[PDB]
Amino acid sequence: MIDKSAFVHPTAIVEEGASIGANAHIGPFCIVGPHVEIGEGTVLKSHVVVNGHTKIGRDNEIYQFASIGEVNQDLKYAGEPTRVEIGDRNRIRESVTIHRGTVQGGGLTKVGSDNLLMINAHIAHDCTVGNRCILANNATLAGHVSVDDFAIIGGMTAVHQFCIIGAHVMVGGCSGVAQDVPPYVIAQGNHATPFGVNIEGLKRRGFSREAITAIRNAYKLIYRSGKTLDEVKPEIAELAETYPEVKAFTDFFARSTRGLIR
Amino acid sequence: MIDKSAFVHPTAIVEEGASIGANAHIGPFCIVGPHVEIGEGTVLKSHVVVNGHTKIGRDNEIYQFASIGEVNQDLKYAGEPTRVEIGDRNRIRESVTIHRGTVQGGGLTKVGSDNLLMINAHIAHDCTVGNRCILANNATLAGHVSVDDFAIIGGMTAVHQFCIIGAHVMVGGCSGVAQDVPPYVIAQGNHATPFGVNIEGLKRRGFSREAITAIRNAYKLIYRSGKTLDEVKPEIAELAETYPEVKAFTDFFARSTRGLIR
Amino acid sequence: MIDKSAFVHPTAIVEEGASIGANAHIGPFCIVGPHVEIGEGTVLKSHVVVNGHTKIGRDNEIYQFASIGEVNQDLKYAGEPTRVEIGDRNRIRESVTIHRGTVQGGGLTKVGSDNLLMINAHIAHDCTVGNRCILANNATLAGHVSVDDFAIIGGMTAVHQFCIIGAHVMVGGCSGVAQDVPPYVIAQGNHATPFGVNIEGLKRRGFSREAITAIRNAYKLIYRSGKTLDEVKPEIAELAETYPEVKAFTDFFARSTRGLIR
Ligand SMILES: CC(=O)N[C@H]1[C@@H](OP(=O)(O)OP(=O)(O)OC[C@H]2O[C@@H](n3ccc(=O)[nH]c3=O)[C@H](O)[C@@H]2O)O[C@H](CO)[C@@H](O)[C@@H]1O
Ligand SMILES: CC(=O)N[C@H]1[C@@H](OP(=O)(O)OP(=O)(O)OC[C@H]2O[C@@H](n3ccc(=O)[nH]c3=O)[C@H](O)[C@@H]2O)O[C@H](CO)[C@@H](O)[C@@H]1O
Ligand SMILES: CC(=O)N[C@H]1[C@@H](OP(=O)(O)OP(=O)(O)OC[C@H]2O[C@@H](n3ccc(=O)[nH]c3=O)[C@H](O)[C@@H]2O)O[C@H](CO)[C@@H](O)[C@@H]1O
């Protein structure tokens with residue numbers, strides 16, 4: 001059901017079953033599939049393709065030539081009714097592609113809120129993007145990739161399959177990420193190696209002097225101490241006792257399966 | 001002539017002379033030029049541009065914002081009626097570009113069958129792509145490039161002009177291929193260097209233990225022996241006497257003009 | 001006002017206020033905003049989006065899925081009426097994006113004449129592209145970037161923000177340009193380092209033997225002499241006294257703010 005306050009341009013095609021919310025904009029030459037849901041104030045500028053079982057939140061700006069909810073590029077996929085979820089206030093730029101998940105991997109590609117997906121950023125099947133993340137021009141996420149909150153992926157950077165980008169991380173431009181990246185760190189190169197802590201980002205987002213200094217100690221324990229991960233895991237866990245921001249490390253370790261970048 | 005069982009969406013524009021086959025799908029906002037030929041069961045999802053002298057086979061899936069048969073990016077080209085040929089069951093993804101050839105280079109850009117051209121894969125003028133090849137996201141083929149059967153080109157990989165990618169080759173992601181790549185080998189880096197034989201790929205495609213071991217001996221002769229190519233050419237030629245799979249090397253050598261990656 | 005000799009395809013949408021010149025082509029499914037100006041003989045093939053305060057010259061060929069004059073990707077931008085200017089005879093290929101400037105940076109994105117912007121070349125806010133420049137497939141210009149005349153930027157090359165690419169420069173493929181690049185030089189790698197003078201380019205464009213030899217002496221003064229820039233600045237300035245082509249260096253030095261590539 002289409003709300004009586006939403007604008008559907010006479011040239012745009014919206015299939016029956018597609019529920020469009022109040023004050024939404026469906027621009028010219030847009031295609032909205034029968035299983036698609038579009039929320040309040042969400043704008044599809046023009047030439048936008050949204051299909052499949054796709055749920056889209058409120059106040060989103062989806063630009064021209066973007067393809068959302070489309071069939072993924074996994075050879076195993078055979079046409080199963082999988083899902084796509086996008087949050088609120090996301091700025092999805094031109095030629096951006098967000099694909100549906102696969103049955104083998106969970107059946108869901110998930111995108112959070114307040115993110116900026118710059119021109120030709122790709123989000124593959126079964127990916128999970130958090131909140132306020134930035135993917136620059138040509139940033140490619142391979143299958144099953146987690147991008148946690150406030151993480152920034154620079155231009156022409158392919159994050160390899162199954163890899164997890166931690167919270168508040170900044171992967172530099174032209175990088176190749178082959179393994180898991182712990183929260184708060186800078187990653188550059190191909191393959192990507194660590195280059196200290198994102199000291200600027202944490203200062204801008206309002207982290208206290210104690211927290212930033214404690215995070216750097218956790219970084220020193222992980223990369224600079226000379227011990228293995230099993231030895232520094234419980235030492236970080238008790239450093240997190242005083243500083244709740246260091247808990248992001250221990251939570252991340254439980255999810256990490258590809259190992260850390262070194 | 002359009003077959004009476006093909007679907008042409010009322011918003012799509014098909015020029016007169018364009019021959020569309022039985023049970024083909026021409027989605028909304030698609031443009032099909034007067035010299036275009038589209039075969040049985042071929043689907044153009046939507047927003048697809050097919051122009052020029054372009055021959056397209058059967059059961060193809062061409063996705064949104066793809067541009068096929070278009071004028072190429074060679075400065076020498078002046079508008080000559082050149083050709084494009086695409087085989088069967090090819091999955092041509094979003095924003096993919098396949099261009100027409102040039103008079104100077106043969107006048108034909110050729111694509112085989114059962115290939116997967118992932119998002120924004122570029123096929124330039126006078127290129128020749130074989131069967132069951134895979135070009136990942138942003139994989140760019142420069143002019144006059146041959147990609148032989150079963151070859152895989154990873155994400156954001158530019159194969160330089162005139163270069164030949166052998167059969168069953170796997171060029172890794174973010175690579176730069178400046179020279180010819182012999183069949184069966186793994187290529188990584190920029191510029192791309194060899195990293196052994198694609199042992200996994202050959203096992204999956206059904207090569208015998210003898211053949212894989214013989215191919216590795218041919219690799220050892222080429223890269224690990226310490227002799228030049230002229231010395232190992234006839235030694236490979238008589239190794240191919242027992243093992244027909246090694247003939248792929250000697251056939252490749254006759255076509256190679258840029259030299260091998262080392 | 002639309003000229004009575006221009007072709008506006010019945011499916012294309014042109015807003016009121018948009019001034020289209022004589023013998024211009026507005027192809028099917030094109031969108032032209034109310035503040036857009038299109039000159040004589042300019043062709044928009046199809047599926048082209050031109051919006052914002054955008055001035056476009058004569059004899060341009062803008063291909064399918066190109067987005068010109070669009071809102072930029074700067075987080076500071078809030079919707080200010082900024083400007084885009086494109087010159088004459090430019091070949092703007094598929095999926096190319098040229099954005100509007102920002103108030104903070106000057107309010108203007110400027111593109112010269114006779115340029116070739118190959119598939120998916122990005123021109124960000126406040127950029128300045130000169131004449132007869134070439135940006136290959138996936139070449140990304142970040143914000144506030146100057147590209148001087150006859151400069152060539154290869155495939156998948158991100159020129160970082162504020163950087164200046166000198167006249168007659170050739171940045172190779174897959175490169176990362178983090179600093180200013182002096183006129184006449186070859187740049188390769190990531191980050192990009194200098195590799196001599198573009199000797200071929202200068203010979204093709206008609207530079208005299210004396211001028212090319214003098215430019216190479218200026219290169220030798222800058223990179224090979226063993227002195228700092230402040231010591232070689234006035235020595236170049238008096239070398240330019242005899243050879244007017246060396247003046248391009250001293251003019252460039254006044255504009256350079258990020259330092260030279262070394
Ligand atoms: C192209 C493709 O479908 N990729 C998916 C696949 O990747 P995955 O890493 O599993 O790659 P696949 O095994 O699917 O390989 C696909 C093709 O590459 C060949 N091959 C495979 C392995 C090898 O070492 N060498 C080689 O040449 C195979 O013969 C086949 O033709 O599953 C992942 C996990 O579900 C997904 O994230 C990917 O989206
Ligand atoms: C951009 C272009 O048209 N590329 C085509 C050209 O490449 P090719 O390698 O021949 O490049 P071109 O010689 O056409 O060069 C095009 C531009 O680059 C300049 N230049 C050239 C050489 C040099 O060493 N330095 C330099 O600066 C020229 O002045 C010209 O303005 O022919 C190849 C073979 O037919 C094709 O595969 C390419 O698609
Ligand atoms: C993404 C964006 O808007 N980029 C613009 C910004 O870049 P600039 O280099 O200024 O990057 P910003 O400071 O805008 O950073 C944007 C995001 O990155 C985070 N951050 C910033 C700095 C840092 O060292 N680490 C970090 O993580 C910030 O918290 C913010 O969330 O202004 C430039 C100059 O006007 C423009 O050329 C760019 O187009």
# chains A, B, ... in the order shown; residues from 1 in each chain; ligands from 1

call {"tool": "residues_near_ligand", "arguments": {"ligand": "ligand 1", "cutoff": "8 Å", "atoms": "only C-alpha atoms and all ligand atoms", "output": "ChimeraX atom specification"}}
result
/A:72-76,104-105,124-125,142-144,161-162 /B:132,134,136,150-152,168-170,198-202,204-205

call {"tool": "closest_atom_pairs", "arguments": {"of": "chain C", "to": "chain A", "cutoff": "12 Å", "atoms": "only C-alpha atoms", "output": "CSV"}}
result
residue,atom,partner,partner_atom,distance
C:11,CA,A:11,CA,9.0
C:12,CA,A:28,CA,10.0
C:13,CA,A:28,CA,9.0
C:28,CA,A:29,CA,11.0
C:29,CA,A:29,CA,7.5
C:30,CA,A:47,CA,9.9
C:31,CA,A:46,CA,8.8
C:32,CA,A:46,CA,11.9
C:46,CA,A:47,CA,11.7
C:47,CA,A:47,CA,8.0
C:48,CA,A:64,CA,9.6
C:49,CA,A:64,CA,8.0
C:50,CA,A:64,CA,11.0
C:51,CA,A:45,CA,11.4
C:64,CA,A:65,CA,10.4
C:65,CA,A:65,CA,6.9
C:66,CA,A:65,CA,9.1
C:67,CA,A:64,CA,7.9
C:68,CA,A:94,CA,11.0
C:70,CA,A:63,CA,9.7
C:71,CA,A:93,CA,9.7
C:72,CA,A:93,CA,9.7
C:73,CA,A:118,CA,7.1
C:74,CA,A:118,CA,10.2
C:75,CA,A:116,CA,9.2
C:94,CA,A:95,CA,11.1
C:95,CA,A:95,CA,7.6
C:96,CA,A:94,CA,9.8
C:97,CA,A:94,CA,8.4
C:98,CA,A:119,CA,11.2
C:99,CA,A:119,CA,11.2
C:120,CA,A:120,CA,8.8
C:121,CA,A:137,CA,10.4
C:122,CA,A:137,CA,8.5
C:123,CA,A:137,CA,11.1
C:124,CA,A:137,CA,10.5
C:137,CA,A:138,CA,11.8
C:138,CA,A:138,CA,8.3
C:139,CA,A:156,CA,10.1
C:140,CA,A:137,CA,7.8
C:141,CA,A:137,CA,10.1
C:142,CA,A:155,CA,9.5
C:155,CA,A:156,CA,11.6
C:156,CA,A:156,CA,7.8
C:157,CA,A:174,CA,8.8
C:158,CA,A:155,CA,7.6
C:159,CA,A:155,CA,10.4
C:160,CA,A:173,CA,9.2
C:161,CA,A:173,CA,11.8
C:174,CA,A:174,CA,8.8
C:175,CA,A:174,CA,8.8
C:176,CA,A:174,CA,7.4
C:177,CA,A:174,CA,10.7
C:178,CA,A:173,CA,10.5
C:189,CA,A:174,CA,11.3
C:190,CA,A:174,CA,8.4
C:191,CA,A:174,CA,9.8

call {"tool": "select_by_dssp", "arguments": {"residues": "segment 52-227 of chain A", "states": "strand (DSSP E or B)", "output": "PyMOL selection string"}}
result
chain A and resi 53-56+61-62+67-70+83-86+91-92+97-99+108-111+116-117+122-123+128-129+134-135+140-141+146-147+152-153+158-159+164-165+170-171+176-177+180-181+185-190+192-197

call {"tool": "select_by_dssp", "arguments": {"residues": "segment 180-230 of chain B", "states": "helix (DSSP H, G or I)", "output": "ChimeraX atom specification"}}
result
/B:199-204,209-224,229-230

call {"tool": "write_last_selection", "arguments": {"atoms": "C-alpha atoms", "output": "PDB file, in the first residue's frame"}}
result
ATOM      1  CA  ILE B 199      46.341 -26.515  -8.032  1.00  0.00           C
ATOM      2  CA  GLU B 200      42.844 -26.075  -6.556  1.00  0.00           C
ATOM      3  CA  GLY B 201      41.166 -24.949  -9.804  1.00  0.00           C
ATOM      4  CA  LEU B 202      42.527 -27.887 -11.817  1.00  0.00           C
ATOM      5  CA  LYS B 203      41.371 -30.360  -9.145  1.00  0.00           C
ATOM      6  CA  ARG B 204      37.832 -28.908  -9.162  1.00  0.00           C
ATOM      7  CA  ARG B 209      46.810 -36.378 -10.888  1.00  0.00           C
ATOM      8  CA  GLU B 210      49.265 -37.069 -13.744  1.00  0.00           C
ATOM      9  CA  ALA B 211      48.200 -33.950 -15.678  1.00  0.00           C
ATOM     10  CA  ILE B 212      48.469 -31.621 -12.657  1.00  0.00           C
ATOM     11  CA  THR B 213      51.908 -33.060 -11.787  1.00  0.00           C
ATOM     12  CA  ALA B 214      53.015 -32.679 -15.433  1.00  0.00           C
ATOM     13  CA  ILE B 215      51.787 -29.060 -15.559  1.00  0.00           C
ATOM     14  CA  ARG B 216      53.818 -28.322 -12.407  1.00  0.00           C
ATOM     15  CA  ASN B 217      56.893 -29.812 -14.114  1.00  0.00           C
ATOM     16  CA  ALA B 218      56.261 -27.449 -17.035  1.00  0.00           C
ATOM     17  CA  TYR B 219      56.032 -24.594 -14.506  1.00  0.00           C
ATOM     18  CA  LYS B 220      59.321 -25.801 -12.979  1.00  0.00           C
ATOM     19  CA  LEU B 221      60.896 -25.793 -16.454  1.00  0.00           C
ATOM     20  CA  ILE B 222      59.672 -22.242 -17.160  1.00  0.00           C
ATOM     21  CA  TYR B 223      60.280 -20.428 -13.859  1.00  0.00           C
ATOM     22  CA  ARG B 224      62.371 -22.644 -11.558  1.00  0.00           C
ATOM     23  CA  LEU B 229      62.608 -19.716 -22.669  1.00  0.00           C
ATOM     24  CA  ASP B 230      64.235 -20.851 -25.951  1.00  0.00           C
TER      25      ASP B 230
END

call {"tool": "residues_around", "arguments": {"residues": "residue 15 of chain C", "least_positions_apart": "3", "cutoff": "7 Å", "atoms": "only C-alpha atoms", "output": "list in words"}}
result
residues 18, 32, 33 and 34 of chain C

call {"tool": "closest_residue", "arguments": {"among": "B:108, B:187, B:24, B:145", "to": "ligand 2", "atoms": "only C-alpha atoms and all ligand atoms"}}
result
B:145

call {"tool": "closest_residue", "arguments": {"among": "A:180, A:238, A:149, A:231", "to": "ligand 3", "atoms": "only C-alpha atoms and all ligand atoms"}}
result
A:149

call {"tool": "atom_distance", "arguments": {"atom1": "atom CA of residue 172 of chain B", "atom2": "atom CA of residue 196 of chain B"}}
result
12.6 Å

call {"tool": "residues_around", "arguments": {"residues": "segment 86-88 of chain A", "least_positions_apart": "5", "cutoff": "12 Å", "atoms": "only C-alpha atoms", "output": "VMD selection string"}}
result
chain A and resid 36 to 43 50 53 to 62 68 to 69 98 to 100 108 to 117 123 127 to 132

call {"tool": "atom_distance", "arguments": {"atom1": "atom CA of residue 255 of chain B", "atom2": "atom CA of residue 167 of chain B"}}
result
12.8 Å

call {"tool": "decode", "arguments": {"residues": "segment 210-242 of chain B", "atoms": "N, CA and C atoms", "output": "PDB file, in the first residue's frame"}}
result
ATOM      1  N   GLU B 210      48.137 -37.071 -12.808  1.00  0.00           N
ATOM      2  CA  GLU B 210      49.265 -37.069 -13.744  1.00  0.00           C
ATOM      3  C   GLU B 210      49.391 -35.730 -14.470  1.00  0.00           C
ATOM      4  N   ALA B 211      48.255 -35.211 -14.937  1.00  0.00           N
ATOM      5  CA  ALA B 211      48.200 -33.950 -15.678  1.00  0.00           C
ATOM      6  C   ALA B 211      48.628 -32.754 -14.829  1.00  0.00           C
ATOM      7  N   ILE B 212      48.125 -32.693 -13.596  1.00  0.00           N
ATOM      8  CA  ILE B 212      48.469 -31.621 -12.657  1.00  0.00           C
ATOM      9  C   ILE B 212      49.960 -31.660 -12.305  1.00  0.00           C
ATOM     10  N   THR B 213      50.487 -32.866 -12.089  1.00  0.00           N
ATOM     11  CA  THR B 213      51.908 -33.060 -11.787  1.00  0.00           C
ATOM     12  C   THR B 213      52.793 -32.707 -12.989  1.00  0.00           C
ATOM     13  N   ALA B 214      52.303 -33.000 -14.193  1.00  0.00           N
ATOM     14  CA  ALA B 214      53.015 -32.679 -15.433  1.00  0.00           C
ATOM     15  C   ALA B 214      53.028 -31.177 -15.717  1.00  0.00           C
ATOM     16  N   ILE B 215      51.910 -30.513 -15.422  1.00  0.00           N
ATOM     17  CA  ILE B 215      51.787 -29.060 -15.559  1.00  0.00           C
ATOM     18  C   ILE B 215      52.761 -28.340 -14.622  1.00  0.00           C
ATOM     19  N   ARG B 216      52.894 -28.863 -13.404  1.00  0.00           N
ATOM     20  CA  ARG B 216      53.818 -28.322 -12.407  1.00  0.00           C
ATOM     21  C   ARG B 216      55.281 -28.500 -12.818  1.00  0.00           C
ATOM     22  N   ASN B 217      55.571 -29.593 -13.524  1.00  0.00           N
ATOM     23  CA  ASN B 217      56.893 -29.812 -14.114  1.00  0.00           C
ATOM     24  C   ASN B 217      57.188 -28.801 -15.215  1.00  0.00           C
ATOM     25  N   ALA B 218      56.163 -28.479 -16.005  1.00  0.00           N
ATOM     26  CA  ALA B 218      56.261 -27.449 -17.035  1.00  0.00           C
ATOM     27  C   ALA B 218      56.485 -26.072 -16.411  1.00  0.00           C
ATOM     28  N   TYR B 219      55.816 -25.814 -15.286  1.00  0.00           N
ATOM     29  CA  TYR B 219      56.032 -24.594 -14.506  1.00  0.00           C
ATOM     30  C   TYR B 219      57.465 -24.537 -13.978  1.00  0.00           C
ATOM     31  N   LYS B 220      57.952 -25.677 -13.485  1.00  0.00           N
ATOM     32  CA  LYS B 220      59.321 -25.801 -12.979  1.00  0.00           C
ATOM     33  C   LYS B 220      60.358 -25.570 -14.076  1.00  0.00           C
ATOM     34  N   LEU B 221      60.043 -26.022 -15.289  1.00  0.00           N
ATOM     35  CA  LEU B 221      60.896 -25.793 -16.454  1.00  0.00           C
ATOM     36  C   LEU B 221      60.940 -24.312 -16.831  1.00  0.00           C
ATOM     37  N   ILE B 222      59.786 -23.649 -16.770  1.00  0.00           N
ATOM     38  CA  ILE B 222      59.672 -22.242 -17.160  1.00  0.00           C
ATOM     39  C   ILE B 222      60.311 -21.291 -16.143  1.00  0.00           C
ATOM     40  N   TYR B 223      59.924 -21.419 -14.876  1.00  0.00           N
ATOM     41  CA  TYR B 223      60.280 -20.428 -13.859  1.00  0.00           C
ATOM     42  C   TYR B 223      61.367 -20.848 -12.867  1.00  0.00           C
ATOM     43  N   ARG B 224      61.510 -22.151 -12.638  1.00  0.00           N
ATOM     44  CA  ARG B 224      62.371 -22.644 -11.558  1.00  0.00           C
ATOM     45  C   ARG B 224      63.657 -23.347 -12.013  1.00  0.00           C
ATOM     46  N   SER B 225      63.747 -23.663 -13.303  1.00  0.00           N
ATOM     47  CA  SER B 225      64.864 -24.453 -13.835  1.00  0.00           C
ATOM     48  C   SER B 225      66.186 -23.686 -13.916  1.00  0.00           C
ATOM     49  N   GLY B 226      66.113 -22.410 -14.292  1.00  0.00           N
ATOM     50  CA  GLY B 226      67.305 -21.578 -14.446  1.00  0.00           C
ATOM     51  C   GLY B 226      67.775 -21.453 -15.885  1.00  0.00           C
ATOM     52  N   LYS B 227      66.958 -21.944 -16.814  1.00  0.00           N
ATOM     53  CA  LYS B 227      67.229 -21.826 -18.246  1.00  0.00           C
ATOM     54  C   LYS B 227      66.368 -20.708 -18.833  1.00  0.00           C
ATOM     55  N   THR B 228      66.711 -20.262 -20.040  1.00  0.00           N
ATOM     56  CA  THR B 228      65.892 -19.281 -20.759  1.00  0.00           C
ATOM     57  C   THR B 228      64.719 -19.977 -21.455  1.00  0.00           C
ATOM     58  N   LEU B 229      63.819 -19.186 -22.037  1.00  0.00           N
ATOM     59  CA  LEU B 229      62.608 -19.716 -22.669  1.00  0.00           C
ATOM     60  C   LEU B 229      62.891 -20.562 -23.914  1.00  0.00           C
ATOM     61  N   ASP B 230      63.853 -20.130 -24.729  1.00  0.00           N
ATOM     62  CA  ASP B 230      64.235 -20.851 -25.951  1.00  0.00           C
ATOM     63  C   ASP B 230      64.795 -22.248 -25.677  1.00  0.00           C
ATOM     64  N   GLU B 231      65.366 -22.429 -24.488  1.00  0.00           N
ATOM     65  CA  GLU B 231      65.932 -23.710 -24.073  1.00  0.00           C
ATOM     66  C   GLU B 231      64.860 -24.653 -23.527  1.00  0.00           C
ATOM     67  N   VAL B 232      63.829 -24.083 -22.906  1.00  0.00           N
ATOM     68  CA  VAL B 232      62.761 -24.875 -22.283  1.00  0.00           C
ATOM     69  C   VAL B 232      61.544 -25.093 -23.190  1.00  0.00           C
ATOM     70  N   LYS B 233      61.450 -24.307 -24.265  1.00  0.00           N
ATOM     71  CA  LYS B 233      60.380 -24.452 -25.261  1.00  0.00           C
ATOM     72  C   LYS B 233      60.286 -25.864 -25.867  1.00  0.00           C
ATOM     73  N   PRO B 234      61.411 -26.410 -26.389  1.00  0.00           N
ATOM     74  CA  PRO B 234      61.333 -27.745 -26.990  1.00  0.00           C
ATOM     75  C   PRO B 234      61.254 -28.880 -25.966  1.00  0.00           C
ATOM     76  N   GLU B 235      61.677 -28.609 -24.732  1.00  0.00           N
ATOM     77  CA  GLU B 235      61.605 -29.587 -23.648  1.00  0.00           C
ATOM     78  C   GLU B 235      60.167 -29.729 -23.149  1.00  0.00           C
ATOM     79  N   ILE B 236      59.429 -28.620 -23.180  1.00  0.00           N
ATOM     80  CA  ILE B 236      57.997 -28.608 -22.878  1.00  0.00           C
ATOM     81  C   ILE B 236      57.214 -29.291 -24.002  1.00  0.00           C
ATOM     82  N   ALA B 237      57.641 -29.044 -25.241  1.00  0.00           N
ATOM     83  CA  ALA B 237      57.004 -29.605 -26.434  1.00  0.00           C
ATOM     84  C   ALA B 237      57.021 -31.134 -26.465  1.00  0.00           C
ATOM     85  N   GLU B 238      58.076 -31.733 -25.910  1.00  0.00           N
ATOM     86  CA  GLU B 238      58.177 -33.193 -25.828  1.00  0.00           C
ATOM     87  C   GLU B 238      57.634 -33.758 -24.509  1.00  0.00           C
ATOM     88  N   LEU B 239      57.419 -32.880 -23.530  1.00  0.00           N
ATOM     89  CA  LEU B 239      56.697 -33.240 -22.310  1.00  0.00           C
ATOM     90  C   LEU B 239      55.206 -33.328 -22.629  1.00  0.00           C
ATOM     91  N   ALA B 240      54.776 -32.497 -23.579  1.00  0.00           N
ATOM     92  CA  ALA B 240      53.396 -32.469 -24.054  1.00  0.00           C
ATOM     93  C   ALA B 240      53.044 -33.687 -24.912  1.00  0.00           C
ATOM     94  N   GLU B 241      54.068 -34.415 -25.359  1.00  0.00           N
ATOM     95  CA  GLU B 241      53.888 -35.642 -26.140  1.00  0.00           C
ATOM     96  C   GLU B 241      53.116 -36.702 -25.359  1.00  0.00           C
ATOM     97  N   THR B 242      53.453 -36.846 -24.079  1.00  0.00           N
ATOM     98  CA  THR B 242      52.775 -37.782 -23.187  1.00  0.00           C
ATOM     99  C   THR B 242      51.532 -37.137 -22.570  1.00  0.00           C
TER     100      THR B 242
END
